[PDB]
Amino acid sequence: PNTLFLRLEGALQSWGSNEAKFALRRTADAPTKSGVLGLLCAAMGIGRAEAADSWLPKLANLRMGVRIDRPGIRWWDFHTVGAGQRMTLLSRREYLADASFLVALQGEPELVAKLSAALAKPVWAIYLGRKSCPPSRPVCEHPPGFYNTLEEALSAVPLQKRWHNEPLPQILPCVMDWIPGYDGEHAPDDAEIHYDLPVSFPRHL
Amino acid sequence: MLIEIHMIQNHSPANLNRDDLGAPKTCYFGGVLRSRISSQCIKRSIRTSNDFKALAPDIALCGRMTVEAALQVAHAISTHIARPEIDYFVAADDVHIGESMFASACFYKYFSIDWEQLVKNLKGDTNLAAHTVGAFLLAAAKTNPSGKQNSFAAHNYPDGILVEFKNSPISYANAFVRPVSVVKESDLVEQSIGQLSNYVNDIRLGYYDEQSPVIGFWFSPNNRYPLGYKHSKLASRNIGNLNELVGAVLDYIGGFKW
Amino acid sequence: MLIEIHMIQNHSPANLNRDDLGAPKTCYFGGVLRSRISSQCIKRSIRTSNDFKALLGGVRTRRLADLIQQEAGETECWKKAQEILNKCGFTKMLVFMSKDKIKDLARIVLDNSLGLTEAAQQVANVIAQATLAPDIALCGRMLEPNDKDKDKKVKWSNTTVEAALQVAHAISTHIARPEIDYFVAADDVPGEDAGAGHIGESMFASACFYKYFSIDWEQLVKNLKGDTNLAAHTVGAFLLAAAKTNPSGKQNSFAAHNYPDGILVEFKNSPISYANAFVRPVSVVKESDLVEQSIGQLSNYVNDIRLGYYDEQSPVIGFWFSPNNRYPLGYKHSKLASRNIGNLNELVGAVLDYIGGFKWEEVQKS
RNA sequence: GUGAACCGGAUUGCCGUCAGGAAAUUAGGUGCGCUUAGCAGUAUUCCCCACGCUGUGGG
């Protein structure tokens, strides 16, 4: 087994972007590697200070693969803070509604197997980016397998519907990290950079 | 361990939470519109109440400023289509028309407490953790959000409390993926419990093996709207009393009483 | 402790509350349409009732200037007085305070020859200090000044009064059946007259209404200060008025002066409602009637709640009132209530005795 | 323990005053339910038991 399959499904979820420096908090259209790695660090029972010490680079070195079963909806909420006490603070928090994601991490077999075993029973709680988004489908619902390419690993998993009817999207959105390939091979025209590389638990590249 | 608590309720014409523009807040799920309640209301409705106040107690449950609290809550949603309405009022003089908006919908509540986290946060104390468990159960069951009470006295009690001990934290939002309508032979609440019970009826046949099964204690008001409206044994015990439910939970896990 | 009052009432064809277009108010509960009478209508009808007259000592209005003007022989208290008025921070917003305070203190402060700011601040303190009234305690109060067009030197004190009564919107126990009445207006003298006629459309409905009241004793007592006899008298008079008052809508055309066929009174420590018993609409069968079926569903819901949530450290009791014991709640065997009454005066007596050593004639002195 | 943890849009409101759907109307004209039979003069009374080569006893 080279990759383990994880599911991020619920009524709501959140994958914050780099555009969060004030009361207005925003998200992205796909999960980031930093949130997944934080979820894993919670899963194996490591604190915020121990993760930075020779624990995160092993997870970061693994390849990135995520599949989006269906698109989501961003929703703005009028969260208020500090009413009736002392520190009325106001803020706005955005949520992704009716979305689901499949998590794939390819690399060493031992690390993937250990991650799946810890995902069978996380030491601490597991959620969807924020404490106010519990998972709907089991994260370990889909057991690991042996594959060569990330595309085959992501497309091997089928798509599950909810009832007999309902329209389906004709595009299945999938996201992968850019393989360097041979030495050199500068990034192409359609290359995207996310500020989501965990270095500490905040520091991103 | 994981102690999952689930809740299905119906509410009268009211406005339990409105946005900045004066409208009852909404969301999107199951392909339709759903009335909503925030989690930051339901929390702090459970908290800072005169009922919940029963090694600093309850701070392990609800942290403040690396406390690592052991109380996790989900988000409210609707179990059918939303219907907004507008109220037209005038003011007398005893010596101009505005608009106020309201809606009626069915909502959900969820609680989960990590017992090991609670005990460790108490410096090894477990009896205090058990007492805190009982206090939280009683307070959450006997409290409601503080909305527009003086005009819309919406104080319906919860119509279902389900307790589980799954190995993984999972919510049952995938029961109402379809809107729940009304027929001549049923109402909202009776349909609400059945389809949530349909979720428990499924899965268990085609999922986690019986070698490590999951038990639970069920609570319903005087065995009405029964969890598992048949002879099925999906629930180990059905309980019609809050104190008896707390005692049952205390007996199973730590071993204790009240 | 907290006082609860439930009612089951039936009304003749009438229009007690109507919206902008002239139709009875409706709502949605359980996926089916239901008729409703607004809470503000009930509160206003109770406040101006003949049984609440001995405790009516407050005014909410915008004609504060005309009240002081009546309390003066000098006609020179109209203008600039309306500027003491138009500077405490008031756009002709409705003000609420004790009536007994204005006709003395506003006269004693306004008529003196002093500065504008000093008199305005004195009147502002008078208004923010005028809370001694039962209706202010019951229906609460919020007063906010307009900081955009107020004197920068004056300052406002605390003027927030928490209400001590919660009244729910009346909700029909069954489906809604709206109706339309076609009317014509006749001319006394014969002649050519109009054509097809000025046919109008008046809307009305009849329904069995489940009403839900709640009076918090501790908050009402705190609001009325150390006095408690006054609070007991207020509670008794309020119960009597609620039992024997109706909204004054289209009453000259629909005299729907019906009185409730069932009252349940329960003393609880936490708010409890019984409105979920009607999520399934009531359908009339050839045996029994609407009122008895509604009371039966209510009894099912109450005994379900009782055999659900129960505590030994805080017991509760109830009295069920039906006129001359004609509609029993626990009709088969259950004695949910303890002191069932067929009289309303004895209901007030039992409530007052449970509250404390209060007799009605004793508290009819404040 | 995830651009995360600690987090309440809150308080204040009668849609009130007025109204004839009214004047005029036959559902009337046509039809057979008719042909048939002892609660009695018999030739095995549906089942069970005992006593004889028909007489008692139970359903």
Side-chain angles (χ1 to χ4, degrees), chain A residues 14-21 25-27 31-32 34-43 45-48 51 78-85 88-91 122-131 195-196 198 201-202 204, chain B residues 17-20 22 38-45 47-48 62-67 69 88-94 97-98 100 145-148 150-151, chain C residues 17-20 22 38 40-45 47-48 60 93-94 96 139-144 160-163 182-186 196-197 199-200 202 247-250 252-253:
Chain A
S14 94
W15 313 115
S17 59
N18 77 278
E19 297 154 40
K21 317 261 151 179
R25 335 279 303 173
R26 222 152 285 98
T27 181
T32 54
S34 206
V36 176
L37 288 212
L39 200 146
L40 295 176
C41 158
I46 285 90
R48 286 175 189 127
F78 170 96
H79 191 128
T80 72
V81 182
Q85 295 144 255
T88 311
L89 211 77
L90 289 140
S91 38
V123 173
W124 293 322
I126 46 172
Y127 40 90
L128 251 183
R130 297 178 192 158
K131 224 181 208 159
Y195 300 93
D196 56 345
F201 279 152
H204 309 100
Chain B
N17 162 256
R18 59 203 201 263
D19 50 55
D20 46 351
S38 96
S39 53
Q40 78 260 356
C41 189
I42 304 174
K43 261 180 98 161
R44 210 249 207 211
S45 96
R47 214 206 197 150
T48 191
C62 322
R64 172 123 207 150
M65 287 302 165
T66 80
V67 183
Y88 305 94
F89 62 89
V90 304
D93 197 44
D94 58 61
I97 299 187
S100 308
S146 52
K148 285 220 74 64
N150 291 353
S151 320
Chain C
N17 213 327
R18 84 173 100 106
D19 71 330
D20 36 42
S38 151
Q40 313 99 38
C41 186
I42 272 170
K43 296 173 173 254
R44 172 105 179 149
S45 211
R47 204 177 90 114
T48 88
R60 103 201 306 174
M93 25 174 123
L94 307 117
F96 199 8
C139 304
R141 164 159 70 123
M142 157 156 199
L143 224 63
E144 92 313 359
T160 324
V161 181
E162 323 205 0
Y182 300 101
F183 68 85
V184 78
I199 278 194
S202 324
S248 158
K250 294 228 175 234
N252 296 350
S253 311

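Chain A is the first sequence line, chain B the second, and so forth, proteins listed ahead of strands; every chain is numbered from 1.
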| query | Can you name the residues that form a side chain to side chain contact (heavy atoms under 4.5 Å, CB included) with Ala42(A), not counting sequence neighbours? | reply |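 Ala42(A): no side chain to side chain contact (heavy atoms under 4.5 Å, CB included) contacts found.
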| request: Any strand is fair game: report the nucleotide pairing with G41(D) by Watson-Crick or G-U wobble, both distances under 3.5 Å, or none. | output: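 Across any shown strand, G41(D) pairs with none.
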| For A22(D), which nucleotide is its Watson-Crick or G-U wobble mate, given both distances must be under 3.5 Å? |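 Looking at the geometry, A22(D) pairs with no nucleotide.
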[atom1] atoms of [N] and [M], separation to the nearest Å:
N: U11(D); M: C15(D); atom1: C1'; answer: 25 Å
N: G16(D); M: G9(D); atom1: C1'; answer: 32 Å
N: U2(D); M: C6(D); atom1: P; answer: 11 Å
N: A50(D); M: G57(D); atom1: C1'; answer: 8 Å
N: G58(D); M: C49(D); atom1: P; answer: 16 Å

| query | Do the six-membered rings of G41(D) and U42(D) sit on top of each other, with centres under 5.5 Å apart and planes under 30° apart? | reply |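 Stacking does not hold for this pair.
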| task | For adjacent nucleotides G33(D) and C34(D), indicate whether their bases are stacked under the rule of ring centres within 5.5 Å (strictly under) and plane angle under 30°. | result |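 Both cut-offs are satisfied, so the bases of these neighbours are stacked.
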Which of these nucleotides, [options], is closest to any side-chain atom of [X]?
X: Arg48(A); options: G16(D), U11(D), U2(D); answer: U2(D)
X: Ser14(A); options: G21(D), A4(D), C6(D); answer: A4(D)
X: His79(A); options: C7(D), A4(D), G20(D); answer: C7(D)
X: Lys250(C); options: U2(D), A4(D), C18(D); answer: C18(D)
X: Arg60(C); options: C7(D), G13(D), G3(D); answer: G13(D)

| field | Short side-chain N/O contact from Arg130(A) to OP1 or OP2 of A4(D), under 4.0 Å | value |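 Yes, within the criterion.
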| field | Check: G3(D) base within 3.5 Å donor-acceptor of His204(A) side chain | value |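 Checked by distance alone, the answer is yes.
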| field | Under 3.5 Å side-chain donor-acceptor pair for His204(A) and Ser34(A) | value |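 On atom types as modelled, these side chains qualify, holding a pair under 3.5 Å.
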| N-glycosidic conformation, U54(D) - syn within 90 degrees of 0, else anti |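 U54(D): anti glycosidic orientation.
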| request: Would you classify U12(D) as syn or anti? Syn applies when the glycosidic angle is within 90° of 0. | output: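 It is anti.
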| Near-parallel close stack of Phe89(B) and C14(D) base (under 5.5 Å, under 30°) |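 By the stated criterion, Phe89(B) and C14(D) do not stack.
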| field | Base of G1(D) and ring of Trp124(A) stacked, centres under 5.5 Å, planes under 30° | value |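 The ring of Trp124(A) is stacked on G1(D).
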| request: Report the residue (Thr88(A) or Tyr195(A)) whose heavy-atom-nearest nucleotide on RNA chain D is the more 5′ of the two. | output: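 Result: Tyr195(A).
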| query | By side chain to side chain donor-acceptor pair (under 3.5 Å), which residues pair with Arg25(A), not counting sequence neighbours? | reply |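 None.
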